[PDB]
Structures are given as C-alpha cells and as structure tokens.
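Participant: Here's a structure for you.
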Amino acid sequence: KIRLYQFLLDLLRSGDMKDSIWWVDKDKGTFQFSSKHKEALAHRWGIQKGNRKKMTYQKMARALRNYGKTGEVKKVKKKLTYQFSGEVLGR
DNA sequence: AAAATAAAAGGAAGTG
DNA sequence: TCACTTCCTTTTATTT
C-alpha cells in the first residue's frame, strides 16, 4: 500500500492540489499547506486509505510527527511547513 | 494588552 | 511489528 509521504510527494510533483500544497524550495525539499484549503487534502488521503472516519489535518499531521524518528519527513519551524529527506527525493 | 483562533506537540490505545 | 489512526490533552504560535 501507499505511505503518506509518497502521497504528498506525488501531489507536489503532480500539481494536483496546487491550491492546498505547493513546493517552498523544490531543491531543498520543503513544502507547505494552505491554511484555508488543507482540510480538503486531508479528506482525500483518508479516502484513499479507507479509514473508519473521515480524515482531518489534525490527524494527518499527527501521522507526520511520527516520521520525525525514522527521518523521512522532519517538521520545519514555520507555519504548516515540512521537509522531505534527501533519501525520499534523490541524492 | 489582551483575546480568540490556529498551530504544534505528544502519550496512549485502537486498527488491519 | 508496521503504518498509521483515533482520541485526548497540553503547550506554543499566530491572527484577530
């Protein structure tokens, strides 16, 4: 099955939800969410997983802080900002 | 100088 | 044991 960061990385390289998520530094691997239109992206992710309840950002973001330990995606000290690890993008 | 509102944080139990 | 998911609470940041 699909992991969350791959669902995000795909949208970014897709332009699928440019309104809800966009690159901040495609180089450095930084991305950001829209404060207004983020809940719509969270809803889709939950829909692609088949969860028992509809997905919110608060819960999706919870799954993001777990990546902190494994290294895939680290939080950035800026509103609604995260960063992919080099291993996820390339070299 | 406060509120109000949103973001971040993280323990713990639940789910296939 | 993954990979989140759900819930709850508290702290921190921003915006109003």
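Chain lettering (A, B, ...) mirrors the order of the structure tokens, residue numbering begins at 1 for each chain separately, and ligand numbering begins at 1 in order of display.
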Just list the residues in chain A DSSP gives strand (DSSP E) on the backbone, as a list in words.
Facilitator: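 Everything in chain A that counts as strand (DSSP E) is residues 21, 22, 23, 24, 25, 30, 31, 32, 33, 73, 74, 75, 81, 82, 83 and 84 of chain A.
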Participant: Using only C-alpha atoms (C1' of nucleotides) and a cut-off of 12 Å, which residues of chain A sit close to chain C? Please list them as a PDB file with N, CA and C atoms, in the first residue's frame.
Facilitator:
```pdb
ATOM      1  N   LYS A   1       0.827  -1.201   0.000  1.00  0.00           N
ATOM      2  CA  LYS A   1       0.000   0.000   0.000  1.00  0.00           C
ATOM      3  C   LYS A   1       0.867   1.260   0.000  1.00  0.00           C
ATOM      4  N   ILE A   2       0.214   2.417  -0.106  1.00  0.00           N
ATOM      5  CA  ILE A   2       0.891   3.701  -0.255  1.00  0.00           C
ATOM      6  C   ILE A   2       1.124   4.311   1.118  1.00  0.00           C
ATOM      7  N   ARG A   3       2.298   4.907   1.302  1.00  0.00           N
ATOM      8  CA  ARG A   3       2.612   5.635   2.522  1.00  0.00           C
ATOM      9  C   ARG A   3       2.321   7.122   2.333  1.00  0.00           C
ATOM     10  N   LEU A   4       2.112   7.812   3.458  1.00  0.00           N
ATOM     11  CA  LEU A   4       1.627   9.191   3.410  1.00  0.00           C
ATOM     12  C   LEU A   4       2.588  10.101   2.652  1.00  0.00           C
ATOM     13  N   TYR A   5       3.882  10.041   2.976  1.00  0.00           N
ATOM     14  CA  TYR A   5       4.827  10.940   2.322  1.00  0.00           C
ATOM     15  C   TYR A   5       4.853  10.727   0.813  1.00  0.00           C
ATOM     16  N   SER A  35      -3.527  27.273   4.696  1.00  0.00           N
ATOM     17  CA  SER A  35      -4.291  27.316   5.936  1.00  0.00           C
ATOM     18  C   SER A  35      -5.784  27.152   5.679  1.00  0.00           C
ATOM     19  N   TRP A  45      -6.754  11.976   1.351  1.00  0.00           N
ATOM     20  CA  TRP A  45      -5.864  10.961   1.901  1.00  0.00           C
ATOM     21  C   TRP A  45      -6.646   9.913   2.684  1.00  0.00           C
ATOM     22  N   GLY A  46      -7.473  10.356   3.632  1.00  0.00           N
ATOM     23  CA  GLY A  46      -8.327   9.423   4.346  1.00  0.00           C
ATOM     24  C   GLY A  46      -9.206   8.606   3.422  1.00  0.00           C
ATOM     25  N   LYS A  49      -7.251   5.774   1.814  1.00  0.00           N
ATOM     26  CA  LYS A  49      -6.916   4.710   2.751  1.00  0.00           C
ATOM     27  C   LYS A  49      -8.113   3.862   3.157  1.00  0.00           C
ATOM     28  N   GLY A  50      -9.327   4.399   3.075  1.00  0.00           N
ATOM     29  CA  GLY A  50     -10.494   3.663   3.516  1.00  0.00           C
ATOM     30  C   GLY A  50     -10.681   3.652   5.016  1.00  0.00           C
ATOM     31  N   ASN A  51     -10.320   4.737   5.696  1.00  0.00           N
ATOM     32  CA  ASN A  51     -10.382   4.778   7.149  1.00  0.00           C
ATOM     33  C   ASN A  51     -11.829   4.770   7.639  1.00  0.00           C
ATOM     34  N   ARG A  52     -11.990   4.408   8.915  1.00  0.00           N
ATOM     35  CA  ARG A  52     -13.318   4.316   9.514  1.00  0.00           C
ATOM     36  C   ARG A  52     -13.961   5.686   9.691  1.00  0.00           C
ATOM     37  N   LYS A  53     -13.156   6.734   9.850  1.00  0.00           N
ATOM     38  CA  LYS A  53     -13.641   8.099   9.974  1.00  0.00           C
ATOM     39  C   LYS A  53     -12.988   8.964   8.904  1.00  0.00           C
ATOM     40  N   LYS A  54     -13.617  10.098   8.603  1.00  0.00           N
ATOM     41  CA  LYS A  54     -13.075  10.984   7.582  1.00  0.00           C
ATOM     42  C   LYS A  54     -11.859  11.726   8.123  1.00  0.00           C
ATOM     43  N   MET A  55     -10.855  11.893   7.267  1.00  0.00           N
ATOM     44  CA  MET A  55      -9.551  12.357   7.711  1.00  0.00           C
ATOM     45  C   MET A  55      -9.515  13.875   7.812  1.00  0.00           C
ATOM     46  N   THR A  56      -8.945  14.359   8.909  1.00  0.00           N
ATOM     47  CA  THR A  56      -8.708  15.771   9.155  1.00  0.00           C
ATOM     48  C   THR A  56      -7.211  16.057   9.114  1.00  0.00           C
ATOM     49  N   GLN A  58      -5.545  17.732  11.478  1.00  0.00           N
ATOM     50  CA  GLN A  58      -5.025  17.472  12.817  1.00  0.00           C
ATOM     51  C   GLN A  58      -4.560  16.030  12.964  1.00  0.00           C
ATOM     52  N   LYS A  59      -5.309  15.084  12.392  1.00  0.00           N
ATOM     53  CA  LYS A  59      -4.914  13.683  12.473  1.00  0.00           C
ATOM     54  C   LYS A  59      -3.816  13.353  11.468  1.00  0.00           C
ATOM     55  N   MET A  60      -3.940  13.838  10.230  1.00  0.00           N
ATOM     56  CA  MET A  60      -2.879  13.612   9.254  1.00  0.00           C
ATOM     57  C   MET A  60      -1.554  14.169   9.755  1.00  0.00           C
ATOM     58  N   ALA A  61      -1.572  15.385  10.310  1.00  0.00           N
ATOM     59  CA  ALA A  61      -0.355  15.961  10.872  1.00  0.00           C
ATOM     60  C   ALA A  61       0.205  15.100  11.995  1.00  0.00           C
ATOM     61  N   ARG A  62      -0.664  14.427  12.752  1.00  0.00           N
ATOM     62  CA  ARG A  62      -0.187  13.519  13.790  1.00  0.00           C
ATOM     63  C   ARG A  62       0.677  12.420  13.188  1.00  0.00           C
ATOM     64  N   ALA A  63       0.203  11.804  12.104  1.00  0.00           N
ATOM     65  CA  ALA A  63       0.996  10.798  11.409  1.00  0.00           C
ATOM     66  C   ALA A  63       2.312  11.365  10.898  1.00  0.00           C
ATOM     67  N   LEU A  64       2.396  12.683  10.710  1.00  0.00           N
ATOM     68  CA  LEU A  64       3.615  13.279  10.178  1.00  0.00           C
ATOM     69  C   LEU A  64       4.706  13.364  11.238  1.00  0.00           C
ATOM     70  N   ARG A  65       4.341  13.659  12.488  1.00  0.00           N
ATOM     71  CA  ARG A  65       5.352  13.767  13.532  1.00  0.00           C
ATOM     72  C   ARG A  65       5.987  12.422  13.857  1.00  0.00           C
ATOM     73  N   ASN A  66       5.328  11.313  13.511  1.00  0.00           N
ATOM     74  CA  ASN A  66       5.950  10.008  13.696  1.00  0.00           C
ATOM     75  C   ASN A  66       7.128   9.822  12.750  1.00  0.00           C
ATOM     76  N   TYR A  67       7.064  10.416  11.556  1.00  0.00           N
ATOM     77  CA  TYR A  67       8.202  10.377  10.646  1.00  0.00           C
ATOM     78  C   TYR A  67       9.438  11.030  11.246  1.00  0.00           C
ATOM     79  N   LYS A  77      10.311  24.859  11.362  1.00  0.00           N
ATOM     80  CA  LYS A  77       9.849  25.883  12.300  1.00  0.00           C
ATOM     81  C   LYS A  77       9.251  27.067  11.537  1.00  0.00           C
ATOM     82  N   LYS A  78       8.207  26.753  10.773  1.00  0.00           N
ATOM     83  CA  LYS A  78       7.452  27.733  10.008  1.00  0.00           C
ATOM     84  C   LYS A  78       6.044  27.188   9.814  1.00  0.00           C
ATOM     85  N   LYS A  79       5.064  28.089   9.812  1.00  0.00           N
ATOM     86  CA  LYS A  79       3.663  27.684   9.831  1.00  0.00           C
ATOM     87  C   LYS A  79       3.362  26.683   8.723  1.00  0.00           C
ATOM     88  N   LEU A  80       2.867  25.508   9.117  1.00  0.00           N
ATOM     89  CA  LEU A  80       2.378  24.499   8.176  1.00  0.00           C
ATOM     90  C   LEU A  80       3.454  24.102   7.166  1.00  0.00           C
TER      91      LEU A  80
END
```
Participant: Go ahead and compute the interatomic distance for atom CA of residue A:41 and atom CA of residue A:91, in Å to one decimal.
Facilitator: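 Those two atoms sit 28.0 Å apart.
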Participant: If DSSP is run on the backbone, what residues of chain A are helix (DSSP H, G or I)? A reply as a VMD selection string would be ideal.
Facilitator: chain A and resid 4 to 14 38 to 49 57 to 70 86 to 89
Participant: Which value, in Å to one decimal, gives the distance between atom CA of residue A:89 and atom CA of residue A:28?
Facilitator: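 One can read the atom CA of residue A:89 to atom CA of residue A:28 distance as 9.6 Å.
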Participant: Dump as a list in words the residues of chain B that approach chain A to within 12 Å, counting only C-alpha atoms (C1' of nucleotides).
Facilitator: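 Per the criterion, chain B yields residues 6, 7, 8, 9, 10, 14, 15 and 16 of chain B.
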Participant: Export C-alpha atoms (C1' of nucleotides) of the chosen residues as a compact mmCIF listing (two decimals), in the first residue's frame?
Facilitator:
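So the final result, stored in part_31.txt, reads:
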```txt
# COMPACT_ATOMS: atom_id res chain seq x y z
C1' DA B 6 -4.94 28.20 14.80
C1' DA B 7 -0.83 25.56 15.00
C1' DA B 8 2.18 22.37 17.23
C1' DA B 9 3.06 18.87 20.48
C1' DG B 10 2.89 14.06 22.17
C1' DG B 14 -7.03 1.32 18.56
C1' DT B 15 -6.96 -0.82 13.61
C1' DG B 16 -5.85 -4.44 9.83
```
Participant: Figure out the distance between atom CA of residue A:19 and atom CA of residue A:32, please, to one decimal in Å.
Facilitator: 10.7 Å
